[PDB]
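K.L.:
Okay, structure incoming, though there's no sequence with it:
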């Protein structure tokens, strides 16, 4: 239901594989997704992660039928899944230190959007549609979407998407900063795999450091920004990948990077 | 009188700046009445959405000139007491409104007028709207939360340019920059703002209040806090009447009817 | 000699990178002299604006390669000492300047050169200016505050692509993204920057300093703190000479002269 593999080049592939339900997230999906993300995060050989999905739609979020059962069974506790399933998935995704690429086809809504916005690089097919969804069904937000959406497109457009509840299309998402590239529908997994392959061959420690600097320094005082930068640069200055790159540059030559 | 207040049958509170002869310049009367209207809208359980608009050609030119001149001649050291006394409670009252706030912006929107407009959630601009900080043009800095609201909407760089260079920007620029959500024909901002408020007033009001609070609280929060707050908000709403109604509507592939609880 | 410093008649401090033969690559001499120029500018009470520019075709290609190679071969474990010893004080010194800072960007602006440029308030680029982070290209991450300043200017998505994929952008992309305020003909950026700096220098310098500090303090502050700080700053400016001058001049349909207090 969620496929996981790590190839020779150290690219971990996580594929949502429930296309008949538009990759709607039932307990089986949520459990296997968590496992896939934790494995990617805990494997020292993984130098990049690519997240993709089978069928026409990336992820429509929570499985409706499973939600109906919980709601009819115990309405005061029907959102237990947020703590039990969604939160650890988002934390597992966040814990991944290497670059994460996502290939977004068709519908990407609710927790599906939440999952996608947790990646570092986002590639959309031309017919991709992005939506908060939660307020449409009288809910607010989960899957970190109340933070990740405004941080990518700003508070004003995030607020509009949540209150008006309308889907936006791929070009609008590109213009707004929600995704990095728009490609032909059916091509985003191929492009994401190439981008992930390219990242996996790069200086993995440098990528992990800069990713962490970016997260920590978003709103920090300048003094803290500069101190953390200095320390990260000192660690990388001593890395094998840094000497290899400098030596390659002097030799008018292309470096091979190994991630340390 | 100077600020008109009413609440319709749909639960839309309408707030109208009604001093068009002075381009809705904020004197003591305007400020005191604006506060009362905002507090009334914020405290009324029946209000499901708020719409802010302005009579005449211009939305709001900010602080009343004559009145400020009197204060400045009378006592230069205390000429800006009104910021604490009037503008700050106004911005807190607007911020305290839990439900969606929509504003129709026509013509000049500058100074405290701009601060007021940027406190709204959805901003609808007329073709001939003009936005400007105005403060440094007369040797002041900023009030009406504009030193936070502007950079949060258009980014630090463009906000810094508006404040330092005193650049006024037009409607399509404001749109592209993210200062307003839509640009329509001049004269229409009110009508479009009213439709939008009406639409939002018919939506899941408890969910709208929750998500607005989540967006505000989670802007720079650690992930663990973001996720905990989201879990709690969803659990509160999972027990709402609107959520059950929406679930059974979705099962039939209908759009739900919402009552706001 | 490596960095030129002067303060003109109008209180404009000019800082010019003047190692054109090396595309203004920052070696120890250059870094030390840049720090002294920024400290002089920040501590001089006659200074009312700052303009940063560079001789030759390229603004600044960042760290000097030859000096870096020598440190790396001598002692790899400490090869980045310079970040703490040189770059960090430079960025703090730039940040400590209270008055407006304008930068003119010709040609290549990469690495620490980009960091330096993004610490300015107003950025004017020539048509052939190019911007890149460069660090990960050689297995480093970030310095010169770029892990903060870049995403704060262009957003998290674009900054992440620049850092991770090594995407280099040209002037019109930079303009659309909000990385620079203006693109002019190559070989006009310093001219335009000087005009802008000159206009800012003749402006209400105390007001400019207050609003810049308000913008920085209030970026992520709670509304109560935002409003309190705005009121205090407005009260201080309300009693300034420049503010009275502005108001008297507007009443007499006349241009005001500002002295910065």
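P.N.:
Received, thanks. Numbering: from 1, shown residues only, chains lettered A, B, ... in the order given.

K.L.:
all helices for the stretch 151-260 of chain A, in order.
P.N.:
Per DSSP state H, counting those that start in this stretch, the stretch 151-260 of chain A has helices spanning A:155-164, A:170-176, A:188-200, A:204-217, A:222-237, A:240-250. These are given in chain order.

K.L.:
which stretch among the ones you listed comes nearest chain B?
P.N.:
helix A:155-164 (5.1 Å; Cβ to the nearest Cβ). The way it works is simple: take the backbone N, C-alpha and C, and place the C-beta from them, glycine included.

K.L.:
quick one: residue A:104 from residue A:196, how far?
P.N.:
Separation of residue A:104 from residue A:196 (Cβ to Cβ, to the nearest Å) stands at 14 Å.

K.L.:
Show me what counts as buried in stretch A:218-228.
P.N.:
Of all the residues in stretch A:218-228, those buried under the rule 16 or more other Cβ atoms under 10 Å in any protein chain shown are A:218, A:222, A:225-226, A:228.

K.L.:
Also within reach of chain B: list those from those residues.
P.N.:
residue A:218 (Cβ under 8 Å from any Cβ of the partner chain).

K.L.:
Grab the most central residue of chain A for me.
P.N.:
For chain A, residue A:119 is the residue whose C-alpha lies nearest the centre (Cα atoms, centre = their mean; 1.9 Å).

K.L.:
Could you check how far that residue is from residue A:200?
P.N.:
Residue A:119 sits 15 Å away from residue A:200, going by Cβ to Cβ.

K.L.:
just residue A:140 next, same as before
P.N.:
Distance of residue A:140 to residue A:200, given as Cβ to Cβ: 37 Å.

K.L.:
before we move on, what about residue A:105?
P.N.:
Using Cβ to Cβ, residue A:105 is found at 22 Å from residue A:200.

K.L.:
quick check: domain ranges of chain A?
P.N.:
According to curated CATH domains, chain A comprises the domains A:1-202, A:203-260.

K.L.:
and these, which is most packed in?
P.N.:
Of all the domains of chain A, domain A:1-202 has the most neighbours on average by mean count of other Cβ atoms under 10 Å in any protein chain shown, namely a mean of 21.

K.L.:
Tell me where the stretch 1-150 of chain A has strands.
P.N.:
Counting by DSSP state E, counting those that start in this stretch, the stretch 1-150 of chain A has strands at residues A:2-6, A:11-16, A:48-53, A:100-104, A:107-109, A:121-125, A:129-131.

K.L.:
among those strands, which is nearest chain C?
P.N.:
The nearest among these, by Cβ to the nearest Cβ, is strand A:121-125 at 6.8 Å.

K.L.:
which parts of the stretch 1-150 of chain A sit against chain B?
P.N.:
Residues of the stretch 1-150 of chain A found near chain B (Cβ under 8 Å from any Cβ) are A:64, A:67-68, A:71, A:75-80, A:82-83, A:86-87, A:90-91, A:94, A:134-147, A:150.

K.L.:
Can you lay out the helices of the stretch 151-260 of chain A as CSV showing distance to residue A:14?
P.N.:
CSV is the format used below for those (distance: least, Cβ to Cβ, whole Å):
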stretch, distance to residue A:14
helix A:155-164, 26
helix A:170-176, 21
helix A:188-200, 11
helix A:204-217, 18
helix A:222-237, 27
helix A:240-250, 26
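
K.L.:
To residue A:19, which of the ones you listed lies closest?
P.N.:
Closest approach to residue A:19 among those (Cβ to Cβ): helix A:188-200, 12.8 Å.

K.L.:
Write out the residues of the stretch 1-150 of chain A neighbouring chain C.
P.N.:
Counting by Cβ under 8 Å from any Cβ, the residues of the stretch 1-150 of chain A close to chain C are A:99, A:120-122.

K.L.:
Show me which pair in those is furthest apart.
P.N.:
Top of the distance list for the residues of the stretch 1-150 of chain A next to chain C (Cβ to Cβ): A:99 and A:122, 11.7 Å.

K.L.:
can you pull the contacts of residue A:247?
P.N.:
Residues in contact with residue A:247 (Cβ atoms under 8 Å, 6 or more residues apart in numbering or on different chains) are A:253, A:255.

K.L.:
Now with 7 Å, please.
P.N.:
For residue A:247, no contacting residues are found, by Cβ atoms under 7 Å, 6 or more residues apart in numbering or on different chains.

K.L.:
Tell me the one among the residues of the stretch 1-150 of chain A next to chain C nearest to chain B.
P.N.:
For the residues of the stretch 1-150 of chain A next to chain C, the nearest to chain B is residue A:120 (14.9 Å; Cβ to the nearest Cβ).

K.L.:
Go ahead and confirm the closest one touches residue A:99.
P.N.:
Yes. In this structure, residue A:120 is within contact of residue A:99 by Cβ atoms under 7 Å, at 5.1 Å.

K.L.:
Overlap in contacts, those two.
P.N.:
A:211, C:164.

K.L.:
near chain B, which residues of the stretch 151-260 of chain A?
P.N.:
Taking Cβ under 7 Å from any Cβ of the partner chain as the contact definition, the stretch 151-260 of chain A meets chain B at A:154-160, A:162-163, A:219.

K.L.:
thought residue A:92 was touching residue A:36?
P.N.:
No. The pair residue A:92 and residue A:36 does not pass the contact test of Cβ under 7 Å, sitting 8.7 Å apart.

K.L.:
Quick one: residues contacting residue A:77.
P.N.:
Listed by Cβ under 7 Å, 6+ apart, residue A:77 has no contact partners.

K.L.:
if we go to 10 Å?
P.N.:
Contact analysis of residue A:77 by Cβ atoms under 10 Å, 6 or more residues apart in numbering or on different chains lists A:70-71, B:235, B:238-239.

K.L.:
which one is residue A:137 nearest to, not counting chain neighbours?
P.N.:
What sits nearest to residue A:137 in space, not counting adjacent residues and going by Cβ to Cβ, 6 or more residues apart in numbering or on different chains, is residue B:246, at 4.4 Å.

K.L.:
Wait, residue A:229 touches residue A:209, no?
P.N.:
Yes. The pair residue A:229 / residue A:209 is scored as a contact, 9.5 Å apart, by Cβ atoms under 10 Å.

K.L.:
From what I see, residue A:91 and residue A:85 are in contact.
P.N.:
No. Assessed by Cβ under 10 Å, residue A:91 is found out of contact with residue A:85, at 11.3 Å.

K.L.:
list the residues that contact both of these two?
P.N.:
Residues touching both residue A:91 and residue A:85 (Cβ under 10 Å, 6+ apart): residue A:34.
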